[PDB]
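K.L.:
For reference, the file protein21.cif (mmCIF, C-alpha atoms) is included below:
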data_work
loop_
_atom_site.group_PDB
_atom_site.id
_atom_site.type_symbol
_atom_site.label_atom_id
_atom_site.label_comp_id
_atom_site.auth_asym_id
_atom_site.auth_seq_id
_atom_site.Cartn_x
_atom_site.Cartn_y
_atom_site.Cartn_z
ATOM 1 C CA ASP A 25 19.721 56.862 28.581
ATOM 2 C CA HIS A 26 22.073 56.334 31.531
ATOM 3 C CA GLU A 27 21.093 59.167 33.870
ATOM 4 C CA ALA A 28 20.264 58.105 37.432
ATOM 5 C CA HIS A 29 16.502 58.660 37.562
ATOM 6 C CA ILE A 30 14.274 59.015 40.604
ATOM 7 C CA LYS A 31 12.649 55.684 41.497
ATOM 8 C CA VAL A 32 9.375 55.208 43.353
ATOM 9 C CA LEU A 33 10.032 51.700 44.683
ATOM 10 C CA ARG A 34 6.902 51.259 46.842
ATOM 11 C CA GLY A 35 3.288 52.275 46.259
ATOM 12 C CA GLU A 36 1.656 54.076 43.350
ATOM 13 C CA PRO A 37 0.980 57.824 43.594
ATOM 14 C CA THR A 38 -1.872 59.040 41.424
ATOM 15 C CA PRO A 39 -1.012 61.886 39.015
ATOM 16 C CA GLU A 40 -1.870 64.655 41.495
ATOM 17 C CA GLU A 41 0.236 63.026 44.224
ATOM 18 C CA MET A 42 3.055 62.660 41.689
ATOM 19 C CA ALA A 43 2.833 66.357 40.864
ATOM 20 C CA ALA A 44 2.807 67.411 44.531
ATOM 21 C CA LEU A 45 5.767 65.108 45.278
ATOM 22 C CA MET A 46 7.789 66.322 42.292
ATOM 23 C CA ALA A 47 7.026 69.983 42.975
ATOM 24 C CA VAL A 48 8.136 69.717 46.609
ATOM 25 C CA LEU A 49 11.294 67.830 45.586
ATOM 26 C CA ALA A 50 12.106 70.397 42.884
ATOM 27 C CA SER A 51 11.647 73.182 45.409
ATOM 28 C CA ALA A 52 14.373 72.211 47.889
ATOM 29 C CA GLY A 53 17.695 71.850 46.045
ATOM 30 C CA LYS A 62 38.236 78.285 39.746
ATOM 31 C CA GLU A 63 39.819 81.743 39.691
ATOM 32 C CA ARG A 64 43.332 80.921 40.764
ATOM 33 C CA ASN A 65 44.724 83.345 43.307
ATOM 34 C CA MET A 66 47.991 81.965 44.690
ATOM 35 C CA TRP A 67 48.679 85.272 46.428
ATOM 36 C CA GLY A 68 50.076 84.373 49.840
ATOM 37 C CA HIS A 69 49.289 80.683 49.439
ATOM 38 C CA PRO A 70 50.358 78.811 52.626
ATOM 39 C CA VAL A 71 52.966 76.880 50.599
ATOM 40 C CA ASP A 72 54.676 80.222 49.959
ATOM 41 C CA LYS A 73 54.575 81.088 53.669
ATOM 42 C CA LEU A 74 56.276 77.825 54.648
ATOM 43 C CA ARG A 75 60.073 77.996 54.885
ATOM 44 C CA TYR A 76 61.996 75.288 53.015
ATOM 45 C CA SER A 77 65.566 74.141 53.382
ATOM 46 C CA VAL A 78 67.503 75.054 50.239
ATOM 47 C CA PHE A 79 67.953 71.355 49.378
ATOM 48 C CA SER A 80 64.432 70.341 50.479
ATOM 49 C CA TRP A 81 62.726 67.918 48.075
ATOM 50 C CA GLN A 82 59.442 69.521 49.115
ATOM 51 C CA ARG A 83 60.411 72.386 46.804
ATOM 52 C CA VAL A 84 59.526 69.922 44.041
ATOM 53 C CA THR A 85 56.852 67.714 45.583
ATOM 54 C CA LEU A 86 54.902 70.445 47.472
ATOM 55 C CA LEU A 87 55.738 74.022 46.404
ATOM 56 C CA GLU A 88 56.268 73.599 42.656
ATOM 57 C CA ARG A 89 53.603 70.878 42.406
ATOM 58 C CA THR A 90 51.109 73.208 44.126
ATOM 59 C CA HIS A 91 51.941 76.152 41.872
ATOM 60 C CA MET A 92 51.942 74.142 38.641
ATOM 61 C CA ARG A 93 48.849 71.991 39.226
ATOM 62 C CA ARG A 94 46.184 73.847 37.188
ATOM 63 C CA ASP B 25 113.114 68.455 48.381
ATOM 64 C CA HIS B 26 110.443 69.187 45.760
ATOM 65 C CA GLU B 27 110.089 72.902 46.539
ATOM 66 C CA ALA B 28 110.545 75.278 43.598
ATOM 67 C CA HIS B 29 113.647 77.383 44.305
ATOM 68 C CA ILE B 30 114.955 80.585 42.715
ATOM 69 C CA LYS B 31 117.544 79.758 40.049
ATOM 70 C CA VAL B 32 120.481 81.947 38.883
ATOM 71 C CA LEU B 33 120.491 80.660 35.306
ATOM 72 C CA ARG B 34 123.531 82.711 34.247
ATOM 73 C CA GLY B 35 126.633 84.186 35.874
ATOM 74 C CA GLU B 36 127.909 83.930 39.432
ATOM 75 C CA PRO B 37 127.490 86.649 42.068
ATOM 76 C CA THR B 38 129.889 87.002 44.925
ATOM 77 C CA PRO B 39 128.278 86.291 48.328
ATOM 78 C CA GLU B 40 127.751 90.042 48.856
ATOM 79 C CA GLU B 41 125.990 90.399 45.504
ATOM 80 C CA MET B 42 123.849 87.359 46.308
ATOM 81 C CA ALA B 43 122.931 88.950 49.648
ATOM 82 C CA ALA B 44 121.893 92.144 47.848
ATOM 83 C CA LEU B 45 119.891 90.179 45.263
ATOM 84 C CA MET B 46 118.007 88.136 47.864
ATOM 85 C CA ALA B 47 117.370 91.101 50.173
ATOM 86 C CA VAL B 48 115.919 93.089 47.257
ATOM 87 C CA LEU B 49 113.726 90.236 46.019
ATOM 88 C CA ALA B 50 112.454 89.490 49.535
ATOM 89 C CA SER B 51 111.717 93.186 50.140
ATOM 90 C CA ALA B 52 109.760 93.309 46.873
ATOM 91 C CA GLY B 53 107.879 90.066 47.552
ATOM 92 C CA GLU B 63 84.632 83.229 55.583
ATOM 93 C CA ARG B 64 81.233 82.706 53.966
ATOM 94 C CA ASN B 65 78.739 85.581 54.027
ATOM 95 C CA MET B 66 76.019 84.575 51.533
ATOM 96 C CA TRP B 67 73.908 87.561 52.651
ATOM 97 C CA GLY B 68 72.340 89.161 49.577
ATOM 98 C CA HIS B 69 74.199 86.981 47.093
ATOM 99 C CA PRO B 70 73.041 87.878 43.526
ATOM 100 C CA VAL B 71 71.641 84.370 43.048
ATOM 101 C CA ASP B 72 69.057 85.272 45.671
ATOM 102 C CA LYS B 73 68.277 88.441 43.713
ATOM 103 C CA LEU B 74 67.541 86.621 40.450
ATOM 104 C CA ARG B 75 63.855 85.911 39.636
ATOM 105 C CA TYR B 76 63.284 82.200 38.778
ATOM 106 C CA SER B 77 60.373 80.344 37.263
ATOM 107 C CA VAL B 78 58.808 77.966 39.782
ATOM 108 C CA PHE B 79 60.075 75.094 37.586
ATOM 109 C CA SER B 80 63.422 76.582 36.506
ATOM 110 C CA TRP B 81 66.225 74.001 36.599
ATOM 111 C CA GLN B 82 68.599 76.748 37.702
ATOM 112 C CA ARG B 83 66.970 76.433 41.133
ATOM 113 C CA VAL B 84 69.049 73.246 41.313
ATOM 114 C CA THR B 85 72.073 73.951 39.158
ATOM 115 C CA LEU B 86 72.688 77.618 40.150
ATOM 116 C CA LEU B 87 70.899 78.460 43.399
ATOM 117 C CA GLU B 88 71.509 75.321 45.463
ATOM 118 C CA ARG B 89 74.872 74.841 43.734
ATOM 119 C CA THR B 90 75.699 78.281 45.198
ATOM 120 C CA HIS B 91 74.153 78.148 48.692
ATOM 121 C CA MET B 92 75.327 74.595 49.435
ATOM 122 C CA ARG B 93 78.737 74.857 47.793
ATOM 123 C CA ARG B 94 81.860 75.046 49.955
#
Would it be possible to restate this file's structure as structure tokens?
P.N.:
Amino acid sequence: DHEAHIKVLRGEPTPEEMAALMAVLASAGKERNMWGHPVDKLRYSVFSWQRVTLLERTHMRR
Amino acid sequence: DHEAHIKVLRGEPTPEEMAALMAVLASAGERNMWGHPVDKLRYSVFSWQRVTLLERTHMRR
């Protein structure tokens, strides 16, 4: 077991206080669509390395 | 003189025949890349032809 458990560091709640505490704590708390992605709206020089390191990288990263 | 001249390989004309020959022979003798096909091709985002065709067209002079 290596989950990060809740710790009560100080004091000792009796069972009913434990249950009230836990119940209140329990109460509170990738579809790609590149269409018109900003990187497509940018305008790149024909020899711009950003065509590799920004545009293509952004499209390919999945 | 290293210019390439005409050459009468065979026979000799008289000067009048040479004048006729030369008169007859003499009397017989910007980039706009807009819509270049390479822009019209559809490329994969990773297609190497984006380098070796498209840039090698737009940049080339």
K.L.:
What is the atom CA of residue B:83-atom CA of residue A:77 distance in Å, reported with one decimal?
P.N.:
12.5 Å
K.L.:
Stretch 26-32 of chain A: which residues within 12 Å, counting all atoms listed in the file, same-chain residues fewer than 3 positions away excluded, as a list in words?
P.N.:
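Skipping anything fewer than 3 positions along the chain leaves residues 35, 36, 37, 42, 45, 46, 49 and 50 of chain A.
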K.L.:
Written as JSON, numbers by chain, what is the full residue list that the PyMOL selection byres ((chain B) within 10 of (chain A)) yields on the file shown?
P.N.:
{"B": [77, 78, 79, 80, 83, 84, 87, 88, 89, 91, 92]}
K.L.:
Measure the distance from atom CA of residue A:82 to atom CA of residue B:63 in Å and round it to one decimal.
P.N.:
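We find that atom CA of residue A:82 and atom CA of residue B:63 lie 29.4 Å from each other.
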K.L.:
So for stretch 45-64 of chain B, what box centre and size do we get, axis-aligned, 3 Å extra on each of the six sides, every listed atom, Å to one decimal, as lines of an AutoDock Vina configuration file?
P.N.:
center_x = 100.6
center_y = 88.0
center_z = 50.4
size_x = 44.7
size_y = 16.6
size_z = 16.3
K.L.:
Please expand the PyMOL selection byres ((chain B and resi 71) around 8) into the concrete residues it hits in this file, giving the result as JSON, numbers by chain.
P.N.:
{"B": [69, 70, 72, 73, 74, 86, 87, 90]}
K.L.:
Record the distance separating atom CA of residue B:52 and atom CA of residue B:30, expressed in Å with one decimal.
P.N.:
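About the pair atom CA of residue B:52 and atom CA of residue B:30: they are 14.4 Å apart.
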